[PDB]
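Below is one structure; the comments refer to it alone.
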RNA sequence: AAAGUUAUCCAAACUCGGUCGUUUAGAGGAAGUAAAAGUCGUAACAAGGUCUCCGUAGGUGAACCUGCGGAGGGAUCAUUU
RNA sequence: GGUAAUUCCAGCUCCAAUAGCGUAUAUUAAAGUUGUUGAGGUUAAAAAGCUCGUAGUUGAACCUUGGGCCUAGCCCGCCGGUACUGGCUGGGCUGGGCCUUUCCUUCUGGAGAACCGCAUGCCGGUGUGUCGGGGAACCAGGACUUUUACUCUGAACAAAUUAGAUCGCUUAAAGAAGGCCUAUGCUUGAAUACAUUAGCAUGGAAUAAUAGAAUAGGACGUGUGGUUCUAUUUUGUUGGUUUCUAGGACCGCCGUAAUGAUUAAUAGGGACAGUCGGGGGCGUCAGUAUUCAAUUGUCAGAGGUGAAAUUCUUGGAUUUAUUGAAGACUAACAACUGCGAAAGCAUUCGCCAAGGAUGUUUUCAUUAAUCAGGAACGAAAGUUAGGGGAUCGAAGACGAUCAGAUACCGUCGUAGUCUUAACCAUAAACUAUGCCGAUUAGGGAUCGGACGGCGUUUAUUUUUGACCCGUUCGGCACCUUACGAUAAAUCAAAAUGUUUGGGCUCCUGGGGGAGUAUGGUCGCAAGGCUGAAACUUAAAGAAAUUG
RNA sequence: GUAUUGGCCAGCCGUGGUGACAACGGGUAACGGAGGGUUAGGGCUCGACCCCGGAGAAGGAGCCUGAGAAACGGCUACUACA
RNA sequence: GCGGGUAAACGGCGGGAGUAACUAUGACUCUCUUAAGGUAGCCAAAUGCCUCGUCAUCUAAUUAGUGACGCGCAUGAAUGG
RNA sequence: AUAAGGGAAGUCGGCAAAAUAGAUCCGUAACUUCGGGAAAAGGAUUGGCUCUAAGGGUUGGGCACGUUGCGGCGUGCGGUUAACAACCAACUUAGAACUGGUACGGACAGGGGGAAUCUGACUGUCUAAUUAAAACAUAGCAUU
Ligand SMILES: [Mg+2]
Ligand SMILES: [Mg+2]
Ligand SMILES: [Mg+2]
Ligand SMILES: [Mg+2]
Ligand SMILES: [Mg+2]
Ligand SMILES: [Mg+2]
Ligand SMILES: [Mg+2]
Ligand SMILES: [Mg+2]
Ligand SMILES: [Mg+2]
Ligand SMILES: [Mg+2]
Ligand SMILES: [Mg+2]
Ligand SMILES: [Mg+2]
Ligand SMILES: [Mg+2]
Ligand SMILES: [Mg+2]
Ligand SMILES: [Mg+2]
Ligand SMILES: [Mg+2]
Ligand SMILES: [Mg+2]
Ligand SMILES: [Mg+2]
Ligand SMILES: [Mg+2]
Ligand SMILES: [Mg+2]
Ligand SMILES: [Mg+2]
Ligand SMILES: [Mg+2]
Ligand SMILES: [Mg+2]
Ligand SMILES: [Mg+2]
Ligand SMILES: [Mg+2]
Ligand SMILES: [Mg+2]
Ligand SMILES: [Mg+2]
Ligand SMILES: [Mg+2]
Ligand SMILES: [Mg+2]
Ligand SMILES: [Mg+2]
Ligand SMILES: [Mg+2]
Ligand SMILES: [Mg+2]
Ligand SMILES: [Mg+2]
Ligand SMILES: [Mg+2]
Ligand SMILES: [Mg+2]
Ligand SMILES: [Mg+2]
Ligand SMILES: [Mg+2]
Ligand SMILES: [Mg+2]
Ligand SMILES: [Mg+2]
Ligand SMILES: [Mg+2]
Ligand SMILES: [Mg+2]
Ligand SMILES: [Mg+2]
Ligand SMILES: [Mg+2]
Ligand SMILES: [Mg+2]
Ligand SMILES: [Mg+2]
Ligand SMILES: [Mg+2]
Ligand SMILES: [Mg+2]
Ligand SMILES: [Mg+2]
Ligand SMILES: [Mg+2]
Ligand SMILES: [Mg+2]
Ligand SMILES: [Mg+2]
Ligand SMILES: [Mg+2]
Ligand SMILES: [Mg+2]
Ligand SMILES: [Mg+2]
């Protein structure tokens with residue numbers, strides 16, 4: 001059964017982008033998904049998105065323009081201290097200059113770079129570069 | 001797909017986007033409920049009052065018309081069945097099939113089927129017990145279960 | 001692939017792990033400690049023994065020679081095994097009842113080279129050393 | 001106030017029986033591995049000259065043979081009013 | 001290494017380390033060959049025969065967001081002047097107040113400023129303050145607040161050790177020493193961070209769980225009746241009693257209020273309608289064929305094989321026609337077609353219960369996915385008791401071939417092959433490919449249900465039934481192609497995996513010994529399940545190329 | 001009864017306690033910890049032994065003095081050595 | 001009399017020569033012979049003359065007892081093993 | 001009937017005799033047709049006197065009036081005595097103290113046991129007056 005709508009959304013986006021598409025379909029919509037999209041937008045990796053609101057759950061249509069390399073999800077939400085947060089950036093990011101690892105904390109979700117300035121840690125939910 | 005199969009059918013009904021009655025309905029919510037209660041005392045289970053009213057005259061969805069759910073109406077008027085209809089019908093089907101099997105001793109497939117029906121009975125009864133509609137000490141005993149249905 | 005991935009499922013992974021570990025040969029060898037039980041050496045590196053007779057064993061088919069092994073009596077438990085003598089001509093020096101010292105070939109419980117069913121080699125005789133006697137650095141006491 | 005003395009308790013030690021664990025002798029019977037210029041046949045690899053293999057049951061010096069139901073890892077991806 | 005040894009025994013020369021080098025055993029890296037990060041399961045070792053189901057693991061969406069403001073602190077960039085200062089609606093960055101239907105619980109006591117004003121000092125206010133209209137902020141104490149998980153910052157916690165700052169024991173391994181003009185003197189260090197599990201406090205309130213109002217047994221009132229319990233000090237002292245009063249528990253009447261129930265998941269369960277199939281059980285009907293038996297006509301051969309014989313025959317074989325009996329089985333139709341969890345299911349009709357798919361403005365509302373042990377089913381053969389016993393045919397007896405033939409070929413033939421009542425639980429039980437969920441390319445067929453349409457055919461004829469064209473749902477399958485994957489054969493999955501994490505269960509780590517020895521357990525037995533060690537070996541194995 | 005609590009012991013009355021979330025038992029060539037060896041990270045292995053805690057003086061028990069001992073460079077008894 | 005069937009009907013179910021890189025044996029082969037030449041099992045057994053057979057165990061010493069070996073004068077399958 | 005020390009050395013052969021024996025409480029193997037073997041094997045207690053504890057039966061329960069001569073009734077209507085009071089009656093079980101020339105199922109009554117082989121499945125029957133067995137019969141199986 002459906003165990004990660006976020007995983008389904010990122011997998012569909014990655015497939016469409018690898019295939020050269022410009023628009024993608026996401027069937028389930030949630031607060032984590034919608035708050036995820038503006039985080040995607042602020043770095044220029046995606047374009048406009050529209051969520052049609054049927055009475056069941058709503059849908060998502062994001063517009064791609066290339067420019068996106070990969071977007072994945074970590075399924076077991078590990079607990080990470082602040083001191084070893086650079087281990088993950090050493091693990092699953094091509095370089096420190098670009099790329100972001102997204103964390104979830106009590107002050108909303110954010111990337112690992114602004115999370116370091118906030119001097120906060122939490123749980124891991126995904127990454128993109 | 002489904003609890004005991006590998007089929008993947010999608011046959012169902014689609015609820016319209018609008019939540020307001022059509023302009024030609026011209027039926028007040030107050031009058032319909034008493035018709036519902038007369039049919040409920042007439043013997044229909046909550047399942048087929050909706051289909052008979054829909055076929056006969058007017059209302060397609062009772063919830064949009066009256067603002068309350070059908071079982072909620074029956075409960076508030078003191079006509080809710082003692083046992084839920086889905087479990088009642090499942091028990092009736094299980095008793096009738098067992099009745100056929102004791103007459104037909106070497107009906108070899110129905111022995112396999114009875115395990116599936118009884119396992120679904122146990123799962124639904126466990127849900128009803130853990131939600132509070134039925135008392136926690138209620139038990140499904142196969143010997144006297146035929147009296148519950150009728 | 002196919003492992004449990006939940007956040008509280010460490011019990012299945014650690015419990016399942018130990019049984020699978022037994023499939024290793026090295027692990028089984030260490031865990032059962034057959035060396036402490038079955039091996040001629042009591043889990044040690046060297047051992048002392050007494051020579052009873054000298055026997056020659058012919059090599060396998062592609063080669064052709066006599067490897068000139070020797071029979072030794074262990075002080076520790078009295079069983080009989082066969083051992084090898086390296087270099088050349090050592091048989092003349094090694095007499096009967098000579099109080100030899102033994103070691104292994106390093107083949108870890110399997111036959112070495114073309115020599116069949118022999119696992120040990122002589123390091124010292126009367127506690128003087130074979131290679132030193134061969135190079136005439138010492139004289140064998142009587 | 002000393003030796004001695006009556007009755008409990010804490011109890012070493014010995015004898016007999018029961019049980020668990022390790023090592024070891026044994027007429028005879030029945031296997032495995034290696035080394036052979038041994039004897040008898042030729043089962044398998046080609047349609048290996050009876051297509052091969054699987055489960056089950058019986059039989060014969062030996063590889064093996066035969067009955068029933070399967071598989072192609074086959075020697076056929078294919079035959080029309 | 002078997003007579004010219006680059007590999008043995010020696011002499012020359014050369015190589016590696018150097019006061020050190022070789023050997024044995026243990027352990028780590030090498031080992032992504034133990035693999036949470038990070039390993040295989042179509043054919044190289046390996047998905048339980050299949051389904052149900054308990055522990056255990058994982059579980060659809062939804063509740064305060066934003067706006068308008070203003071300002072503080074803190075960096076960094078830049079510009080120049082000059083050690084070095086200002087500036088830039090500079091960029092922010094961390095906030096701290098506001099109003100937007102939201103902003104922030106509460107009592108007492110201490111303390112105590114600000115703002116305005118005063119007397120005196122002075123030149124409209126102040127230090128006076130031993131100001132009063134005061135009452136920011138703080139402190140010490142009372143009353144309430146869903147609870148866990150989670151994270152930030154603190155406290156507490158061993159000397160030694162590790163990392164690590166300082167000092168030229170002549171450097172170094174060490175050590176905590178020392179340094180300064182010249183001194184009858186002065187001065188310093190002997191630091192710091194981490195450990196990390198559990199326990200104690202503080203801020204944040206996303207993510208993951210939990211509780212609350214539905215038979216209202218729900219929230220509020222200084223509204224008003226009660227009926228119960230307690231008791232500060234005030235009436236000289238003590239005792240006793242009462243009133244008012246203060247507080248606590250419980251129950252009525254009235255009023256106040258927007259009075260209390262989230263969607264209905266191309267999640268799931270149930271109901272309804274027309275259908276669909278060689279799905280199951282019981283009974284019944286039909287079909288030729290085989291064997292045997294009876295009647296009828298003729299006469300010398302009949303069976304089978306590469307070729308003969310065993311066998312039957314004027315005691316009429318074989319063959320021809322008619323009739324009767326018995327048991328088993330349903331040809332052709334029959335297909336890259338149907339149903340079932342799999343094993344499996346094909347003659348007609350009657351009865352009984354069950355199932356998939358389609359259609360639906362019916363119904364409940366997370367009821368769900370995979371499962372250690374556990375349980376139901378499970379071809380063929382086999383076992384225990386009855387019935388039946390046509391045909392084939394394990395065992396067995398003959399005839400040939402062959403040097404031999406306990407076989408392949410031919411004539412007989414017991415158990416068995418069928419059925420009733422009970423066991424056995426293994427198969428190349430194969431798609432050699434676990435189950436659930438999401439995405440990914442073109443095409444044309446085809447089975448079931450529904451929808452639209454131009455026509456043909458046809459009937460007590462229209463609508464229905466038969467045929468044709470297009471769309472959609474759910475299946476058994478097929479052709480081309482590779483952006484992809486693999487060692488390859490080949491694959492729309494064997495893809496979305498070195499750019500490695502959707503959830504769940506099982507199994508393998510070089511070949512033999514060996515599915516063996518032993519113990520346990522199930523079965524009447526045959527046997528099933530669980531399952532080693534000693535010893536031995538440098539190769540076995542997979543896909544493809546040339547012969 | 002003990003320096004004191006306590007099924008530590010003596011009487012009466014109930015029938016309980018732990019476990020597949022691995023109890024109970026068998027092996028350990030097992031004193032525990034601070035820590036040693038080996039490294040991208042995660043780990044694997046060793047730890048009798050200079051620092052802290054526990055136990056023992058051939059194998060069992062019993063006890064005096066003393067605040068403190070069930071002591072062995074204190075005593076009594078048995079077993080095996082002598 | 002001639003021709004078939006029938007053994008859980010009465011009963012039966014053999015000899016001689018050669019042969020494996022020591023020695024021993026004989027898997028193997030030729031030969032006479034008829035209704036068939038003792039299969040599965042078992043044994044100095046209440047069934048074996050030669051016999052107090054040979055090996056092991058029990059005893060200081062055992063023609064006795066038990067466990068094995070089998071060309072068995074003359075074991076053996078409803079005369080049932 | 002009894003015998004010191006030895007305990008089958010006697011004899012074809014443990015023939016005859018001896019040893020164990022009741023009840024209460026512990027403990028109980030190989031094998032197996034799962035019913036047995038089993039009283040397996042092997043251990044402890046047993047008197048007198050003085051006490052304690054447990055196991056039962058029967059009869060009684062408030063007002064408010066009306067007949068009959070303080071009583072039987074007729075009724076109507078409440079509470080379950082946080083189970084009390086009196087009387088009657090036999091034995092069975094458990095526990096404690098003291099006591100003795102350490103004895104106590106004090107007479108009577110009262111199983112020796114274990115490891116194996118041959119043979120018949122078992123219970124049963126027969127040669128009255130020398131043979132009770134491996135003989136006969138039996139259920140089961142097969143044939144006419
Ligand atoms: Mg399931
Ligand atoms: Mg679906
Ligand atoms: Mg032997
Ligand atoms: Mg063949
Ligand atoms: Mg092939
Ligand atoms: Mg591997
Ligand atoms: Mg293979
Ligand atoms: Mg394989
Ligand atoms: Mg398989
Ligand atoms: Mg969710
Ligand atoms: Mg004729
Ligand atoms: Mg037909
Ligand atoms: Mg069909
Ligand atoms: Mg299982
Ligand atoms: Mg069958
Ligand atoms: Mg039969
Ligand atoms: Mg034949
Ligand atoms: Mg035949
Ligand atoms: Mg059968
Ligand atoms: Mg299998
Ligand atoms: Mg399968
Ligand atoms: Mg139509
Ligand atoms: Mg090949
Ligand atoms: Mg319990
Ligand atoms: Mg120890
Ligand atoms: Mg230590
Ligand atoms: Mg110490
Ligand atoms: Mg001491
Ligand atoms: Mg002591
Ligand atoms: Mg001393
Ligand atoms: Mg001392
Ligand atoms: Mg024989
Ligand atoms: Mg004999
Ligand atoms: Mg005899
Ligand atoms: Mg004998
Ligand atoms: Mg004898
Ligand atoms: Mg004797
Ligand atoms: Mg005879
Ligand atoms: Mg005979
Ligand atoms: Mg006889
Ligand atoms: Mg005497
Ligand atoms: Mg005497
Ligand atoms: Mg005696
Ligand atoms: Mg005698
Ligand atoms: Mg005598
Ligand atoms: Mg006698
Ligand atoms: Mg006894
Ligand atoms: Mg006995
Ligand atoms: Mg007494
Ligand atoms: Mg007695
Ligand atoms: Mg015998
Ligand atoms: Mg008898
Ligand atoms: Mg007589
Ligand atoms: Mg007599």
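Quick look at the numbers
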quantity: Residue ID - nearest to RNA strand E (Cβ to nearest atom), chosen from residues in the range C:100-122 that are in contact (Cβ under 8 Å) with a residue 12 or more places away in the chain and loosely packed, with under 13 Cβ neighbours inside 10 Å; calculated: C:117
quantity: Any hit, the range B:39-50, residues being more than 14 Å from chain A (Cβ to nearest Cβ), within 30 Å of residue B:115 (Cβ to Cβ), within 12 Å of RNA strand E (Cβ to nearest atom) and loosely packed, with under 10 Cβ neighbours inside 10 Å; calculated: no
quantity: Any hit, the range B:4-20, residues being more than 7 Å from RNA strand E (Cβ to nearest atom), surrounded by 12 or more Cβ atoms within 10 Å (Cβ to Cβ) and farther than 30 Å from residue B:118 by Cβ; calculated: no
quantity: Complete set of residues in the range C:67-80 that are closer than 26 Å to residue C:132 by Cα and either surrounded by 12 or more Cβ atoms within 10 Å (Cβ to Cβ) or touching a residue at least 40 places away in the same chain (Cβ under 8 Å) (or both); calculated: C:67, C:68, C:69, C:70, C:71, C:72, C:73, C:74
quantity: Matching entry among A:117, A:67 (being closer than 13 Å to residue A:43 by Cα and out of contact with any helix residue (DSSP H, G or I) (no Cβ under 6 Å at 6 or more places or on another chain)); calculated: A:67
quantity: Residues that are under 28 Å from residue B:5 (Cβ atoms) and more than 15 Å from the chain's Cα centre (by Cα), drawn from the range B:128-145; calculated: B:129, B:130, B:131, B:134, B:140, B:142, B:145
quantity: Options A:80, A:52, A:73: the member that is more than 16 Å from ligand 2 (Cβ to nearest atom) and within 15 Å of the chain's Cα centre (by Cα); calculated: A:73
quantity: Options C:126, C:64; residue that is surrounded by 12 or more Cβ atoms within 10 Å (Cβ to Cβ) and either over 18 Å from the mean Cα position of the chain (by Cα) or within 16 Å of ligand 2 (Cβ to nearest atom) (or both); calculated: C:126
quantity: Residue under evaluation residue A:75, criteria (1) away from every other protein chain (no Cβ under 14 Å); (2) in contact (Cβ under 8 Å) with a residue 24 or more places away in the chain; (3) touching a helix residue (DSSP H, G or I) at 6+ places or on another chain (Cβ under 8 Å), criterion not met; calculated: (1)
quantity: Conditions (1) exposed (fewer than 11 other Cβ atoms within 10 Å of the Cβ); (2) within 7 Å of RNA strand E (Cβ to nearest atom); number of the one not met by residue C:13; calculated: (1)
quantity: Among the candidates A:70, A:87, residue that is surrounded by fewer than 17 Cβ atoms within 10 Å (Cβ to Cβ), away from RNA strand D (no atom under 16 Å from the Cβ), away from every other protein chain (no Cβ under 14 Å) and more than 19 Å from residue A:11 (Cα to Cα); calculated: A:87
quantity: Any chance residue C:118 is closer than 30 Å to residue C:25 by Cβ and assigned to a strand (DSSP E or B); calculated: no
quantity: Any hit, the range C:32-55, residues being in contact with a strand residue (DSSP E or B) (Cβ under 8 Å, 6 or more places away or on another chain), more than 16 Å from residue C:104 (Cα to Cα) and without any contact (Cβ under 8 Å) to a residue 12 or more places away in the chain; calculated: no
quantity: Evaluation of residue C:68 against (1) away from RNA strand F (no atom under 16 Å from the Cβ); (2) farther than 24 Å from residue C:142 by Cα; (3) out of contact with any strand residue (DSSP E or B) (no Cβ under 6 Å at 6 or more places or on another chain) (one fails), failing number; calculated: (2)
quantity: Selection within the range A:18-57 - more than 21 Å from residue A:109 (Cα to Cα), part of a loop (DSSP other than H, G, I, E, B) and either away from chain B (no Cβ under 14 Å) or in contact with a strand residue (DSSP E or B) (Cβ under 6 Å, 6 or more places away or on another chain) (or both); calculated: A:19, A:20, A:21, A:22, A:27
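To keep it simple, each residue is scored yes or no on (1) more than 30 Å from residue B:26 (Cβ to Cβ); (2) touching a helix residue (DSSP H, G or I) at 6+ places or on another chain (Cβ under 9 Å).
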| position | (1), (2) |
| --- | --- |
| B:63 | no, yes |
| B:71 | no, yes |
| B:85 | yes, yes |
| B:91 | yes, yes |
| B:109 | yes, no |
| B:115 | yes, no |
| B:120 | yes, yes |
| B:123 | yes, no |
| B:141 | yes, no |
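When we count neighbours, we look across all protein chains shown, and the Cβ atoms used for this are built from the backbone with ideal geometry, even at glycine. Read-outs throughout are calculated quantities, based only on the coordinates presented, and are distinct from any laboratory measurement.
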